[PDB]
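**Student:** Protein chains in written order, with PDB author numbering: chain N, 4 to 115; chain L, 3 to 122; chain Z, 2 to 33, 35 to 46; chain D, 2 to 216; chain I, 1 to 122.
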Amino acid sequence: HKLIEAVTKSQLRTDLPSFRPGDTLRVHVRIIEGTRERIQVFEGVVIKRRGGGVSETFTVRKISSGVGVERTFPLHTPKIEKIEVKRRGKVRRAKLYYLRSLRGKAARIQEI
Amino acid sequence: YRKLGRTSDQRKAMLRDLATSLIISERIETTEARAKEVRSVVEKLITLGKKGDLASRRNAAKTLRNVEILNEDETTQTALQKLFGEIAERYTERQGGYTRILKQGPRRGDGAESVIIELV
Amino acid sequence: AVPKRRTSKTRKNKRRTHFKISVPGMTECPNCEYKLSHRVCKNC
Amino acid sequence: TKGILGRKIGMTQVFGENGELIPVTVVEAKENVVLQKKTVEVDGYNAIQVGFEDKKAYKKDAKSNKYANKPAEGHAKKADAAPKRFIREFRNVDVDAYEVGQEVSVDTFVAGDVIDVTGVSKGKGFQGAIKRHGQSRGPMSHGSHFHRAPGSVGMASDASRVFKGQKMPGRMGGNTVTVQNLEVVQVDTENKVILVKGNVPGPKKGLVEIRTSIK
Amino acid sequence: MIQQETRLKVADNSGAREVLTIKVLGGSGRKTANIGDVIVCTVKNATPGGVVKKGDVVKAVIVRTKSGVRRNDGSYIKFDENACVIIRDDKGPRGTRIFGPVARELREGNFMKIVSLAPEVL
RNA sequence: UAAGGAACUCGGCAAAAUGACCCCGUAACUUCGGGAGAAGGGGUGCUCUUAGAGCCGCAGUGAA
RNA sequence: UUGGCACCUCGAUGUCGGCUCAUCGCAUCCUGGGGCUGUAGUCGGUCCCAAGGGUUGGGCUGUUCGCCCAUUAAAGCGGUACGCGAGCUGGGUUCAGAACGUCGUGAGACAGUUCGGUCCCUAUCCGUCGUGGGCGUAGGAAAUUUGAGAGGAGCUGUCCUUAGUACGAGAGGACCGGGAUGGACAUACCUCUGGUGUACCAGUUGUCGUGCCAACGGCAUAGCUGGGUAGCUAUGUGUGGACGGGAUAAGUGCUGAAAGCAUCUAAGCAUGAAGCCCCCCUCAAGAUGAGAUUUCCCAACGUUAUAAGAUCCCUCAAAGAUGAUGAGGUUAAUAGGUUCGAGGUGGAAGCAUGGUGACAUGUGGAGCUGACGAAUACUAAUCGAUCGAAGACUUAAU
Ligand SMILES: CC[C@H]1OC(=O)[C@@](C)(F)C(=O)[C@H](C)[C@@H](O[C@@H]2O[C@H](C)C[C@H](N(C)C)[C@H]2O)[C@](C)(OC)C[C@@H](C)C(=O)[C@H](C)[C@H]2N(CCCCn3cc(-c4cccc(N)c4)nn3)C(=O)O[C@]12C
Ligand SMILES: [K+]
Ligand SMILES: [K+]
Ligand SMILES: [Mg+2]
Ligand SMILES: [Mg+2]
Ligand SMILES: [Mg+2]
Ligand SMILES: [Mg+2]
Ligand SMILES: [Mg+2]
Ligand SMILES: [Mg+2]
Ligand SMILES: [Mg+2]
Ligand SMILES: [Mg+2]
Ligand SMILES: [Mg+2]
Ligand SMILES: [Mg+2]
Ligand SMILES: [Mg+2]
Ligand SMILES: [Mg+2]
Ligand SMILES: [Mg+2]
Ligand SMILES: [Mg+2]
Ligand SMILES: [Mg+2]
Ligand SMILES: [Mg+2]
Ligand SMILES: [Mg+2]
Ligand SMILES: [Mg+2]
Ligand SMILES: [Mg+2]
Ligand SMILES: [Mg+2]
Ligand SMILES: [Mg+2]
Ligand SMILES: [Mg+2]
Ligand SMILES: [Mg+2]
Ligand SMILES: [Mg+2]
Ligand SMILES: [Mg+2]
Ligand SMILES: [Mg+2]
Ligand SMILES: [Mg+2]
Ligand SMILES: [Mg+2]
Ligand SMILES: [Mg+2]
Ligand SMILES: [Mg+2]
Ligand SMILES: [Mg+2]
Ligand SMILES: [Mg+2]
Ligand SMILES: [Mg+2]
Ligand SMILES: [Mg+2]
Ligand SMILES: [Zn+2]
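#1: Return the Cβ separation of D/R212 and D/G4 in integer angstroms, given the expectation that the two are a contact with Cβ distance under 8 Å.
#2: Provide the residue span of the beta strand (DSSP E) that contains D/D189, from first to last.
#3: Does any C-beta atom of chain N lie closer than 8 Å to the C-beta of D/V43?
#4: Measure the C-alpha to C-alpha separation of D/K205 and D/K168 and round it to an integer number of angstroms.
#5: Starting from Z/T11, trace the alpha helix (DSSP H) in both directions and tell me its first and last residue.
#6: Spell out whether any CB of chain N is found under 8 Å from the CB atom of D/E184.
#7: Would you check if there are 3 or more beta carbon pairs closer than 8 Å linking the region 185 to 202 of chain D to the region 19 to 26 of chain D?
#8: Listed by chain order, which residues have C-beta atoms less than 7 Å from any heavy atom of ligand 38?
#9: D/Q128 versus chain N: which residues are under 9 Å apart at the beta carbon?
#10: In three-state terms, what does DSSP make of I/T96?
#11: Tell me whether Z/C33 is buried or exposed, calling it buried when 16 or more other Cβ atoms sit within 10 Å of its Cβ.
#12: Quick one: measure Cβ to Cβ for Z/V42 and L/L104, integer angstroms, because I've assumed they're closer than 8 Å.
#13: How long is the line joining the alpha carbons of D/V178 and D/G120, rounded to whole angstroms?
#14: At what residues does the alpha helix (DSSP H) containing N/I7 begin and finish?
#15: Decide if the region 81 to 94 of chain D is in contact with the region 38 to 58 of chain D; the criterion is three or more beta carbon pairs, one per stretch, under 8 Å apart.
#16: Can you give me the Cβ contacts of D/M141 inside the same chain, cut-off strictly under 7 Å, excluding the 5 residues immediately before and after it?
#17: Quick one: residues in its chain with C-beta nearer than 7 Å to the C-beta of I/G55, no 5 flanking neighbours on either side, listed in chain order?
#18: Would you say L/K64 faces chain Z, with C-beta separation under 8 Å as the test?
#19: So the alpha helix (DSSP H) L/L56 belongs to, where does it begin and stop?
#20: In the DSSP assignment, the alpha helix (DSSP H) including D/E74 goes from what residue to what residue?
#21: Can you name, in chain order, every residue of its own chain whose Cβ lies under 8 Å from the Cβ of N/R29, other than the five neighbours on each side?
#22: Starting from N/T75, trace the beta strand (DSSP E) both ways and give me its first and last residue.
#23: Where does Z/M27 fall in DSSP's three states?
#24: Around the C-beta of Z/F20, are 16 or more other C-beta atoms found within 10 angstroms, so that it is buried, or is it exposed?
#25: Report buried or exposed for L/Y3, applying the criterion of at least 16 other Cβ atoms within 10 angstroms of its Cβ.
#26: Give the straight-line distance between the Cα atoms of L/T101 and L/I30, rounded to the nearest whole angstrom.
#27: Considering only the alpha carbon of each residue, which of N/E114, N/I112 and N/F61 lies closest to N/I83?
#28: Rounding to the nearest angstrom, what Cα-Cα distance links L/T49 and L/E88 in this structure?
#29: Going by CA-CA distance only, name the one from N/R23, N/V10, N/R74 and N/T80 that's closest to N/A97.
#30: What are the residues in the region 19 to 50 of chain D lying within 7 Å of chain I by C-beta distance?
#31: Where L/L121 and L/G98 are concerned, what is the direct C-alpha to C-alpha distance, given to the nearest angstrom?
#32: Measuring CA to CA, which of L/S23, L/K52 and L/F86 is closest to L/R41?
#33: Counting Cβ pairs closer than 8 Å, one from the region 71 to 82 of chain I and one from the region 69 to 79 of chain N, do we hit at least three?
#34: What do you reckon, is the C-beta of D/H143 under 7 Å from a heavy atom of ligand 8?
#35: I need the straight-line Cα distance from D/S122 to D/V194, nearest angstrom please.
#36: Between L/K84 and the rest of its own chain, which residues show a CB-CB distance below 8 Å, the 5 nearest in sequence each way excluded?
Written out as structure tokens, the structure reads:
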């Protein structure tokens with residue numbers, strides 16, 4: 004009954020900080036396409052965590068030039084070099100979908 | 003889970019009524035599908051009664067009906083009190099399986115399978 | 002929507018070939035006449 | 002050239018060398034044994050017969066398929082093996098390279114092998130034309146009284162009949178399906194597991210047959 | 001997921017403000033376009049003084065979608081809006097400036113000038 | 001109900017949207033009554049003090 | 001097609017267009033093969049073979065038709081009651097109202113127009129799609145199978161390279177090969193992204209209850225709102241069809257006479273299409289021609305009881321309208337319960353503390369948790385009953 008876990012255990016990462024929805028993360032994402040491999044930081048608030056094991060994902064949202072952007076990552080993807088927990092948010096639900104229609108001050112998340 | 007030919011609210015109410023009736027009378031005759039559904043309800047209630055804490059009692063109060071039971075001699079108690087009193091003590095050392103279903107056969111009016119479900 | 006021709010006696014009985022009931026699944030009561039299998043006596 | 006029997010456990014994902022996401026199907030292929038060699042001389046064609054999952058030994062008054070009956074017990078005992086739940090033939094193998102009674106481990110397949118996976122698709126029950134044959138609905142408004150019906154089933158006086166093969170409601174699913182050119186992602190000797198790229202037919206716990214791709 | 005009659009904001013300074021998708025290019029029966037695809041569209045709203053006038057039928061490349069795209073590593077990017085950039089025949093933008101972030105996928109389509117002009121590529 | 005938003009269809013048919021109360025604001029035209037609820041905006045929960053100060057939620061005519 | 005004829009139907013053969021669903025022809029729109037060219041190349045023109053597959057989304061109009069916008073490899077022409085209303089619609093057309101123009105003294109009418117205007121039917125037979133029971137298949141049975149035969153599939157774009165080469169003043173720009181990658185379509189599947197998720201978690205309004213507080217229950221679309229497991233799912237994730245062999249079409253030949261020559265043909269010998277038969281997928285021995293392999297079982301006197309093997313009955317789900325199929329039936333994990341997990345929700349109650357209070361913090365990633373996983377006989381799969389062979393004959397090899 005634990006075959007899936009047994010064969011996907013080697014895929015899991017152990018260098019991952021603890022975080023919950025509402026936290027502000029700095030995600031250091033590897034970019035390999037082009038002529039060189041480099042690192043682009045994506046900073047935003049975690050609006051979603053879902054799944055379990057190797058299939059777990061999380062979603063981060065930021066505003067770039069006034070346009071909302073969301074990146075969803077597999078939690079254990081090798082493409083992520085590291086994650087910093089920059090801020091800890093005070094929120095009341097697991098999914099922060101209500102942020103999607105909020106802008107500016109109304110979209111602010113109180114820190115802990 | 004079975005729908006029992008009823009809407010969700012009606013089914014929930016019927017299951018509460020059947021569970022309280024079973025707790026009170028300790029042995030009831032119903033149809034096969036209703037009994038197979040209510041065994042789970044009644045046994046989870048008995049689990050709460052064995053737990054015994056205040057939160058368990060209130061969770062049990064979410065499901066039980068407000069019925070009164072006249073005991074041996076003009077002394078009253080509620081179905082919730084019986085569930086957390088005599089019934090819970092009866093099954094302290096039994097790990098699940100507090101009910102049993104005995105089939106009786108079809109009944110005249112509609113050919114439905116009548117069964118007895120009783121506390122063990 | 003409606004039968005074009007009436008159904009003969011032969012065709013009707015052919016169709017009723019499978020229209021029947023079966024003997025109940027019944028067992029002798031070792032101590033308590036006969037009973038349905040996996041049912042209690044409920045009268046003995 | 003190769004074949005093995007297994008049960009579908011479920012779907013998961015692994016990360017490739019380049020960090021690419023590879024959805025995979027976990028197939029558990031323990032306990033495979035060659036039960037019989039069929040040859041051109043005796044049977045008219047060459048194949049090996051492979052039993053997959055061990056059953057309980059025969060007992061009197063057995064009521065279910067969990068226990069081998071006497072014919073099955075004798076057939077398996079002829080190969081010095083326990084009776085098996087599933088038995089299938091592989092005509093794509095080399096009959097010479099197998100001995101009756103030998104095991105068929107997962108290690109017969111290697112990472113990067115291209116395989117064909119055969120299984121029985123999930124059942125759907127009685128289904129209408131819209132779901133079973135991908136047909137279009139009629140209008141949902143504008144006075145329509147035609148939503149999920151199959152539509153016209155023929156022409157007229159010519160031909161005064163419905164042609165064979167007209168697509169109609171009926172039982173859907175539960176058919177044998179072969180998915181070609183899947184790949185072996187990983188073979189794990191412990192747990193006797195083969196990781197297959199992509200999805201394969203059937204419900205969880207269903208039997209699947211894995212063969213080296215014919216194409 | 002852009003189809004016929006989908007309206008998209010324009011993310012350049014060509015003079016078009018909003019366009020309406022007339023056609024998704026790329027083969028018969030194609031219904032949907034996404035980031036990096038080329039569409040035919042008409043200008044519904046335009047800024048006065050701009051090069052591209054209301055009513056013109058033009059070609060645009062999609063640079064932002066709400067549906068977003070899935071990348072090979074199992075990661076996704078989605079945007080809060082659908083936006084496109086009006087392009088010439090040789091894939092160069094008709095305007096001089098690009099507004100808003102654009103997806104990395106435009107590199108694969110060789111929309112390199114649009115990529116260079118964008119404030120952010122994600 | 002994703003994305004789209006009349007591409008449906010003879011026709012937006014049907015559905016969706018609007019909707020109560022209080023306060024701003026309101027065009028052409030006009031028989032000077034009207035048009036007009038034009039349009040378009042804002043507010044609303046709970047606690048305390050005498051209009052402010054707070055408290056909670058995604059959301060306060062929180063349903064109809 | 002417009003007609004001509006008036007042979008079936010006036011004790012009724014529903015008319016146009018669209019929708020749904022197709023099916024057939026080839027006089028071929030695309031794609032494949034080829035001859036001629038006033039064929040340099042890139043493109044074309046014309047003719048021959050070829051029906052395998054493919055062959056579009058809008059504006060206007062009831063429209064068919066047609067014009068237009070934007071695509072596409074292409075947007076072929078036809079038959080099937082101008083295919084399809086006991087499958088749908090009902091905009092148009094042969095209905096009662098009304099109006100205009102016009103005609104008529106008039107009632108009224110129309111090489112006309114305009115607004116409005118009931119689409120009934122529980123499928124008996126054949127036909128079709130699925131799914132069972134009987135018997136047969138020279139003993140009975142369990143499983144694995146061959147494949148006579150049948151169905152399915154069959155499309156194609158762009159880019160790179162060859163090569164800026166051949167061709168060509170130039171402009172321009174290849175055939176043949178090599179590689180990459182899409183559109184449409186089909187199919188499987190739920191890891192992912194999402195949808196749903198009426199016995200999952202939470203917030204919240206009105207009102208009535210559980211005597212009151214607190215905590216809860218009922219009703220209001222599941223009262224409403226934010227999320228959401230399994231399952232089922234597409235817009236999501238995989239996979240498939242550009243192959244190879246054989247025989248051919250139009251063609252192209254070689255050898256070669258009749259007919260000293262010439263000649264693809266008359267005898268022979270080749271070569272040559274997305275087309276044919278196979279190669280790929282599925283079904284398939286009621287294939288009454290009823291096939292094959294392995295294993296199991298073996299009775300006496302039509303009867304009675306049996307063997308292998310099954311069923312009845314019962315617990316069920318991966319299966320399912322019901323049958324059927326599959327997992328199990330105590331020598332037992334089949335379901336329920338119980339205990340522990342995954343996932344979901346997001347911080348229970350009670351109590352303490354702070355605050356006038358609304359509330360906040362702590363105890364504490366808490367409490368709760370359908371369908372998912374494991375363990376555990378606590379509950380239910382009791383007892384029992386029913387069906388079920390004994391292998392015919394004739395001739396040949398041994
Ligand atoms: C909806 C029910 C009616 O069906 C229809 O109206 C239709 C849709 F079924 C219909 O029109 C059929 C199809 C007609 O037949 C066609 O006649 C054409 C001339 C020729 C055609 N073919 C041969 C080419 C025939 O098929 C005709 C004549 O009905 C008028 C059939 C005859 C036998 C006929 O009169 C029958 C008896 C007709 N009728 C008069 C209705 C008369 C109209 N009506 C009355 C009512 C009503 C009355 C009382 C209460 C309520 N609530 C409603 N509703 N509608 C009824 O009372 O019932 C039905 C069956
Ligand atoms: K209430
Ligand atoms: K608490
Ligand atoms: Mg989670
Ligand atoms: Mg039910
Ligand atoms: Mg209700
Ligand atoms: Mg449609
Ligand atoms: Mg309807
Ligand atoms: Mg929607
Ligand atoms: Mg939406
Ligand atoms: Mg809109
Ligand atoms: Mg339209
Ligand atoms: Mg249309
Ligand atoms: Mg309406
Ligand atoms: Mg109101
Ligand atoms: Mg407010
Ligand atoms: Mg004629
Ligand atoms: Mg005559
Ligand atoms: Mg007539
Ligand atoms: Mg008649
Ligand atoms: Mg021809
Ligand atoms: Mg063809
Ligand atoms: Mg065509
Ligand atoms: Mg017709
Ligand atoms: Mg009609
Ligand atoms: Mg008809
Ligand atoms: Mg009409
Ligand atoms: Mg006159
Ligand atoms: Mg009208
Ligand atoms: Mg065959
Ligand atoms: Mg036949
Ligand atoms: Mg191609
Ligand atoms: Mg899942
Ligand atoms: Mg999901
Ligand atoms: Mg209270
Ligand atoms: Mg009441
Ligand atoms: Mg046979
Ligand atoms: Zn009895």
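Even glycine gets a Cβ: it sits at the ideal position worked out from N, Cα and C.
**Tutor:** Result, derived from the coordinates:
#1: Taking 8 Å as the upper bound for CB-CB distance, D/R212 and D/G4 are in contact here, some 5 Å apart.
#2: Taken as a continuous stretch (DSSP letters only), the beta strand (DSSP E) holding D/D189 covers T177 to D189.
#3: D/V43 has a beta carbon lying at 8 Å or more from every beta carbon in chain N.
#4: Approximately 29 Å, taken between the alpha carbons.
#5: Looking at the DSSP string, the run of the alpha helix (DSSP H) that includes Z/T11 is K10 to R17.
#6: Not closer than 8 Å to any Cβ of chain N, the Cβ of D/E184 fails to qualify, so no.
#7: Short answer: they touch.
#8: Cβ-based neighbours of ligand 38 within the cut-off: Z/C30, Z/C33, Z/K37, Z/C43 and Z/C46.
#9: Chain N residues near D/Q128: none, gap ~30 Å exceeds 9 Å.
#10: I/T96 falls in the coil class under three-state DSSP.
#11: The C-beta of Z/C33 has fewer than 16 other C-beta atoms within 10 Å across all chains shown, which makes the residue exposed.
#12: Z/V42 to L/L104, Cβ: 5 Å. Contact.
#13: Approximately 6 Å, taken between the alpha carbons.
#14: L6 to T11 is the extent of the alpha helix (DSSP H) around N/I7.
#15: Under the Cβ criterion (8 Å, minimum of three pairs), the region 81 to 94 of chain D counts as touching the region 38 to 58 of chain D.
#16: Excluding sequence neighbours, D/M141 sits near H148.
#17: So the qualifying residues of the chain are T42 and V43.
#18: No, no contact with chain Z.
#19: Segment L56 to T65, the alpha helix (DSSP H) holding L/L56.
#20: Its alpha helix (DSSP H) spans residues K71 to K78.
#21: Answer for N/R29: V44, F45, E46, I86, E87 and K89, listed in chain order.
#22: It spans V70 to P77 - the beta strand (DSSP E) in which N/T75 sits, taken as one unbroken run.
#23: Z/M27: strand per DSSP, three-state reduction.
#24: Burial call: exposed.
#25: By the beta-carbon neighbour count (other beta carbons within 10 angstroms, threshold 16), L/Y3 is exposed.
#26: The straight-line gap from Cα to Cα measures roughly 11 Å.
#27: Ranked by how close their Cα comes to the Cα of N/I83, the residues N/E114, N/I112 and N/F61 have N/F61 in first place.
#28: About 13 Å.
#29: Per the Cα distances, N/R23.
#30: Answer set for the region 19 to 50 of chain D: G20, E21 and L22.
#31: Cα-Cα distance, rounded: 12 Å.
#32: When only C-alpha atoms are compared, the closest one is L/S23.
#33: Three or more Cβ pairs closer than 8 Å define a contact, and the region 71 to 82 of chain I meets that threshold against the region 69 to 79 of chain N.
#34: D/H143: no, Cβ never under 7 Å from ligand 8.
#35: Taken atom to atom, the span from the alpha-carbon of D/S122 to that of D/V194 is near 21 Å.
#36: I25, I26 and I71.
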